[PDB]
């Protein structure tokens, strides 16, 4: 029951940017100001990317809090007969929807609903001050959404294809086969899926017709010219009529490009303005190649003062795994905290040679990735990460370079989880966990991005028989033979491995994290040695095994389905460690001091290096090999083997899952600031860390266009309403 609501007491923290703001020159501030705005604008697209009803809910909420703030609306709600606790549930839901840019959780892809009675909420709404100034729109919004706002029907409970779940990346009638047929179409046409959606219409015969729609300001109308424009037309692919179009999110992307172009005026150099230029092209024409071009310049731009990025980037929430969720961020580099990470880059080339694969499976060059520590001013999208490795185009990754970011003010925000909130750890591990967790975190973040995602080469063949490796002389360490598998033109990591692609890659990255933290240089660069370093190493591992148990809450047994890719990866690593045996890890079910079912994880530190290391090395080798050669049959067999959740002894993971569910703790919500223009001077606005303050932070987010933005989301939404 507790899975589908947010609890009234859910944590809220405020991201801290003041001193990072103070560092910025008058020009950098205006650059950042126009960039944040673009980010925030596009962030609203994530709504259409969540659920059918999400746009309506956001418009309903923003209209409510425009007319009355949480304290004014409280007066009305309590006159209407709500208890303070019911009203609080409302705030929390509002905050959650704002926080997620939708009514499904970003971490776990699960629906949440208001924790108060429906007929009660309706009173707070229909009788509100907002309903008095515009009764037409308010009553029309509540009619189109409120049912779906509360509906827990099993098919609505999680994101996904088929009738199992909800997805807006696809029309409701789509299934896994549709997505696969589409993926194949996009590949033969050498067209990226990051920015698209799939809509399916059927005639009276029942014959499926597919619209692949690209995101852009320009409709399919009389364009300028492009690599996109030549592709707008009807095709026939394996018996299926295909139409490629554009104009998705058009009026939202228009606001974005307006702000990017304003930003261009304040750009610090030629790389920044050249990338923004290409960004504008990308969002105007719907050209993903124009994004790649922009990303190239952005990689060239090293150690800026204000760092940022925008676009359709992460493919996590596309059920199939090829489609990206819009996001953008604006951040200030921190020179101090960036010192260590540069020491890390200086020694990275060295450290790569510790990884359990030949130089033939490692990238030919090793350019310098430029790792930096940032303080986030704005992160718009489904959620805020700890660290990032970008961009996501692999050709650029190995021919050009990439950037690594640790966001030091996101880390700082969670040092949280007080001792009583530490589940399944013995008293003595609790102490170490509490002491070394933060430092253990800085390390895993660094190794993960730099050496985890930034290592490894893919074997490719272009239009000709030309390989980026040497075919005849390259030996596969597993097969003792030549390389029989590789990527062809149009093929990508995401297209080939699809469903497991995002997670499999994450599993690889966190495994090198665990593997290389054992090295003493890695640890001294972060400033630890002796009886400190060994403690952070330990907790890193203890942290991983624990997280693999907690991962269980994100598995859906009925569907045999993992809902979060980082959690699945951590469960796989937990299982690889268990399978090694020899006493490294034990899960012992127990009884809680509160009487309910509990459990204990035990890690033996003396066996990490003797048992654990050998196990991970073996695992890593198999992972890279299958990725480089892009072997999907093998890759899937290996990964879906370890990812299988069963009741087999001694673990009994299905049964354990129930104890995990019982003891689960809900993820905190984070409040972000607002930048305001006074004229030449720009200022930073801050908010209370509570549901109310997060609501206000959105209330004041769009002072100019808020009412227009709402109607825009509304119409974008009803236009496509026939598809779900």
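Numbering follows the first chain given and starts at 1.
Trainee: Comparing 85-93 with 609-617, where is the mean C-alpha B-factor higher?
Mentor: Per the deposited B-factors, the answer is 609-617.
Trainee: Comparing 624-632 with 410-418, which has the greater mean CA B-factor as deposited?
Mentor: Looking at the record's C-alpha B-factors, the answer is 410-418.
Trainee: Out of 389, 128, 590, 285, which residue has the highest Cα temperature factor in the PDB record?
Mentor: Most elevated C-alpha B-factor of the set, per the entry: 128.
Trainee: Name the residue from 572, 344, 263, 580 with the greatest C-alpha temperature factor listed in the entry.
Mentor: That would be 344, according to the entry.
Trainee: Would you check the entry's CA temperature factor for residue 380 and let me know if it's in the chain's lowest, middle or highest third?
Mentor: Ranked within chain, residue 380 CA B lands in the lowest tercile.
Trainee: Pull the Cα B-factor of residue 542 out of the PDB entry and bin it into the chain's lowest, middle or highest third.
Mentor: Its C-alpha B-factor, which the entry lists for residue 542, ranks in the lowest third among residues of this chain.
Trainee: Which third, lowest, middle or highest, does the CA B-factor of residue 666 fall in along this chain?
Mentor: Highest third of the chain for residue 666's C-alpha B-factor.
Trainee: Can you tell me whether residue 680 has a C-alpha B-factor in the lowest, middle or highest third compared with the other modelled residues of the same chain?
Mentor: CA B-factor rank for residue 680: highest third.
Trainee: Lowest, middle or highest third of the chain for the C-alpha temperature factor of residue 24?
Mentor: According to the entry, residue 24 has a C-alpha B-factor in the chain's highest third.
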